[PDB]
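Worksheet: one structure, shown below.
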Amino acid sequence: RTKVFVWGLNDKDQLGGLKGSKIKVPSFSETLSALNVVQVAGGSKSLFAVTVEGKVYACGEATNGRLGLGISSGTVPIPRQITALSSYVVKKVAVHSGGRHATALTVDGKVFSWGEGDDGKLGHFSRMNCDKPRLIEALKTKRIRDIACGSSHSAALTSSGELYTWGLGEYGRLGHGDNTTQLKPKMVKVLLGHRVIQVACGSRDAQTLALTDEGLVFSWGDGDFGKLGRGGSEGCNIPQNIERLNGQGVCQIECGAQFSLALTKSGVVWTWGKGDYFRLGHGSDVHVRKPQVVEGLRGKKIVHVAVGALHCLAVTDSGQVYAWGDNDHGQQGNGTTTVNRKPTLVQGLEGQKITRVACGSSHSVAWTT
Amino acid sequence: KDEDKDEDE
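Taken in order, these protein sequences are the chains called A and B.
Count along the first sequence from 1, then add 2; that gives the number in our numbering.
Count along the second sequence from 1, then add 34; that gives the number in our numbering.
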């Protein structure tokens, strides 16, 4: 039994069967709690859930086929199972908080893609849309360990440590030393010799983060608002080390909308990037062009984080959920629509020992195990 | 204004 809670925007029923359009307090999803989930993932007005059995369920807005259910217009108000993947045990589903395509990774290392195919982000040597998933053929001989998706590009890394990127090339988000759109997954040659263990991808004029088993954080791509973390605002298409995070023992990285977040093994959260609408959690909406510790969580051991477009959610070791950022749609979960300029404790989840959070564009998930 | 911001119906 894994209790699941949802809140935020619900205009396209992306919360999965709740009434109203601004769910401003976390709310028990009867539909998702029943699925017994191991992961939830939030895309643009979309929700995805991976069950313990390996099944994938989606719901929300169906435009651009972003849900993989074979339709590509309308809304799916109750979570429905992605039938194309029933023969495969899905480990993880990757989707950006403002994304219109996703990928799903199976336990046997296979990778599928579906949704908006623009800029070749699906990986199929083409810019076709896929209304249902489709096996990324160019990765078949590679045991894939993790996957990530921005809004215009996608990544995947292998168990041997090599990182692949594909998709929109512009502003160097792929990391290949030019700005050429890649329609196939291509190896980031610069990061060879490092064992890459995570990767995160941004939306719009996108950044990309990478993490090696030595705790080294690489960033590249577009650099507006200093989301590359190395000051100023100059992009680049070659991975560069974010020197500040070195030795800090960073273990999770994520990319919201024009900002970057890292969490350390010691429970510290670092954010930087675009400041507007308090998405960084520093009490002010200025841009932060070199990674800063979120002071509002000093001494609270954050064990999990999730970023949406304009909000973040952090989980303490003791099952508490903090939030910060924008609240036009209740996604802060403080019962109002008032912005959370600093990390604020989330209402109505007392006694629920939350272990994982996930976010979408304007929606939030907390769940247990 | 801010393009990365969702809207309601």
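Beta carbons: idealized from backbone N, C-alpha and C, even for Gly.
| query | result |
| --- | --- |
| C-beta neighbour in chain B for A/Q260, strict 8 Å | yes |
| Contact belief for A/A64 with A/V52 at Cβ below 8 Å, rounded distance in angstroms | Not really, about 19 Å apart at Cβ, beyond 8 Å. |
| Cutoff 8 Å: A/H331 Cβ touching any chain B Cβ | yes |
| Within-8 Å CB hit, A/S366 to chain B | no |
| Expected contact under 8 Å - CB spacing of A/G171 and A/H98 to nearest Å | Incorrect: roughly 17 Å between the Cβ atoms, too far for contact. |
| DSSP state of A/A208 mapped onto helix, strand, coil | coil |
| Top-ranked residue by Cα proximity to A/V42, from A/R246, A/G125, A/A308 | A/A308 |
| A/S88 classed as buried or exposed, judged by whether at least 16 other C-beta atoms fall within 10 angstroms | exposed |
| Chain B contact residues for A/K47, given Cβ-Cβ distances below 7 Å | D40 |
| Chain-ordered neighbours of A/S23 on chain B, where CB pairs are closer than 9 Å | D42, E43 |
| A/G100 at chain B interface by Cβ criterion, 8 Å | yes |
| Residue range of the unbroken beta strand (DSSP E) whose run includes A/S262 | 261–266 |
| Test: residue 1 of chain A CB closer than 8 Å to a CB of chain B | One cannot answer for residue 1 of chain A here, as it falls past the ends of chain A, which runs 3 to 371. |
| C-alpha gap between A/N342 and A/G174, whole angstroms | 33 Å |
| Cα-Cα separation, A/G100 to A/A360 | 13 Å |
| As assigned by DSSP and simplified to three states, the class of B/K35 | coil |
| Residue from A/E118, A/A140, A/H284, A/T143 whose Cα sits closest to the Cα of A/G152 | A/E118 |
| Which listed residue (A/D226, A/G258, A/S31, A/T210) has its alpha carbon closest to that of A/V219 | A/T210 |
| Beta carbon proximity, A/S363 to chain B, threshold 8 Å | yes |
| Under 8 Å (Cβ pairs) to chain B, residues found in the region 153–166 of chain A | none |
| Same chain, Cβ closer than 7 Å to A/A86, neighbours up to 5 away in sequence not counted | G70, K134, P135 |
| Rounded straight-line distance, which links the Cα of A/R232 to that of A/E245 | 8 Å |
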